[PDB]
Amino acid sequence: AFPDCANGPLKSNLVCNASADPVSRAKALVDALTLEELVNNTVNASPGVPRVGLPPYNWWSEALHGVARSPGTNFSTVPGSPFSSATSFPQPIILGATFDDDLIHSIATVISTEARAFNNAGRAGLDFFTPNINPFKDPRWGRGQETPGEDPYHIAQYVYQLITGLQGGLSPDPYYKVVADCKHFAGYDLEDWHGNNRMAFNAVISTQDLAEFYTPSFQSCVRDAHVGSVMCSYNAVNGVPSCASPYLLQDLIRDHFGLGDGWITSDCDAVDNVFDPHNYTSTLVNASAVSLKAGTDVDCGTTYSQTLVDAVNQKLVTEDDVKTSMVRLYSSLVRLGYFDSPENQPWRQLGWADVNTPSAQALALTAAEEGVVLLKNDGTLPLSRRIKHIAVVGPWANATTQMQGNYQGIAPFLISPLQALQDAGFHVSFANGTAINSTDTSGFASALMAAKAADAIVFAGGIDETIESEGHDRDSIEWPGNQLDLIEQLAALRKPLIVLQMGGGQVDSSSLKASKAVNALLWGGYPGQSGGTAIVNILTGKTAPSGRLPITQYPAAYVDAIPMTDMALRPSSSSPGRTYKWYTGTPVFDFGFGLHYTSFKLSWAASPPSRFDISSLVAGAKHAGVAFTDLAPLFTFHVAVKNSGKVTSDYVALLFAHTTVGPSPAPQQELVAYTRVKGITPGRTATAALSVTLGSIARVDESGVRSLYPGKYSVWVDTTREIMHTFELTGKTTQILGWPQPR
């Protein structure tokens, strides 16, 4: 509910004055309240102040890939009633696999519209814990499915588009739409691997790796997309918990990245974790005091509302710190149109008629269509027009809730691969033959019986929330259970066999890759509510595959080569490396790898430059329409992408760069640009504009400073190195972006 700024008790307070400054309105509201009232409102499940007519407000609300279940959200218990469902989009891993920034922005707009519609019915808050922009650096993280991938630049572009779409633009032009919250600011990418609990895990991260990998996403989020909120994670960095670290929360988030007087929520009772089990403070009150002084403005729990009074009395914190945090929160609320009349807010006029819009359903289907990656095909795909009898088999064959991942809402419909095959008029023989993880072969027979008389076998399996989830990291990155045995038996029939590998993290498909009896292999991840229809549209040829792998499919033995606790990415005497840019082994399928139903010819649409002076680039940086030097351009490629095949398709141009200059070591590759050229009809030649900035070409040294270094740089366009171009930077090395040193 919202206050009554027309007749209620706050009507004569400056907080109810729309003409006044938002920060001044928050100040007027906070000065009107009692210190203890302020304290009992410093938590996510705030009760408001019944004296002044301030209604309750739950800050903990979830909408990762669509309006999700959360403490701040309820869905109508009646299945067909209004607000019983919401557009459940596919997991952000497949969404990053789309590599479509326009699509990500439109999805963010849909999510924000539906969140506003739910809030107008008293069924959702106005701030949402989204997105999760922690890089999926270790292949066996349970929550890496919630993230776009493993590339900090790709995640940066994703989060820029998503924040701008959710919040309603690059600025609160009038009011916010919804307030976002970039998740877990730290080196958080571990749940319980070998007993290392995130709530007691001490991540050791070098400043170089800190600024080069774990923070670019948050810098793009709060500095370039101007987010309204950030969340500090459970883990500790270099011995200090994040929510209690002034260097992480103040020196970087509020200052270097410029969150300013936006509000920082703690991970849910991570403030309590600072005491138990992080052991960091001797008393609980001291834990909450250090958390507050470090920058944590609101606690997702109950630690603040029952300890901050004692902290003020024990002189650990002052009344003014509580008032500062409350002013930040209430100022974001003022910007959300909390204290303004509904007559002047179109976003407050949204209802149930705006939720399951056909545009939203079609956009979810399109996201799934663009996100699925074709890993292998011998020409069996697209399915022959003469194929009529298909056998669908596997633990993912009739997937419905598995298709949603985690942090989801109740979808209006869950179209399974089986249901979609039936929707396309296929004579389907179904059998799930084995579970996700089991040794029971008793279903194999059924599978075989369903497939022995079929024109095509479609095995659909992999992993799901039973294998990877919040609080359960994977121990093996292989096909769980006896799934590979069933695939092998199906391949003994030597029919057209198509294997669908699902789930967030990758599983070792090298056995499938090497077997000639396996004709086609796709990765489906969590394709959302319309996932089956998208997969079948790709199979039949209705939609051409165009997605590309956002993460590396490591071979199995990788789990033995590096511990999940090793936060360093570079190789060494005990590290094969991390991610595509440092890994020294031979991945089964590379980052950015993808197949199409058509062949492409890539050339130059404009002769590329080959020489740049660093000082000239830095000087011209002040004249480009950017506010920070690292956002200024270095150059823009114009690739000519010709469709030399016979099928229309989209193409994802993935501009990679490699240098041997600047700080050693220097990565293999680094995704410095990417674009999605949509719908290239056969024969036609479309132009791909690929823009590289100074911040993506510069190098991060031991000090964590981003600077330009002279020498030879090479750049190519695909994982197959379609075209390549080598230029040189000359002149003197110039610092582009400083870095506050650890306090």
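Residue positions are given as counts along the sequence shown, with the first one as 1.
- Looking at 92-100 and 447-455 together, the entry lists the larger mean B-factor for 447-455, computed on C-alpha atoms.
- Here the stretch with the larger average CA B-factor, out of 497-505 and 300-308, is 300-308.
- Which of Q145, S220, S384, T164 has the largest Cα B-factor in the deposited entry comes down to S384.
- The PDB entry gives the largest Cα B-factor of the residues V237, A632, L210, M567 to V237.
- When the CA B factors of the chain's modelled residues are split into thirds, the value for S696 lands in the middle one.
- Among all modelled residues in this chain, the alpha-carbon of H194 has a temperature factor (C-alpha) in the highest third.
- Among the modelled residues of the chain, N286 sits in the highest third by CA temperature factor in this PDB entry.
- The deposited CA B-factor of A63 belongs to the middle third of values across its chain.
- Among the modelled residues of the chain, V317 sits in the highest third by CA temperature factor in this PDB entry.
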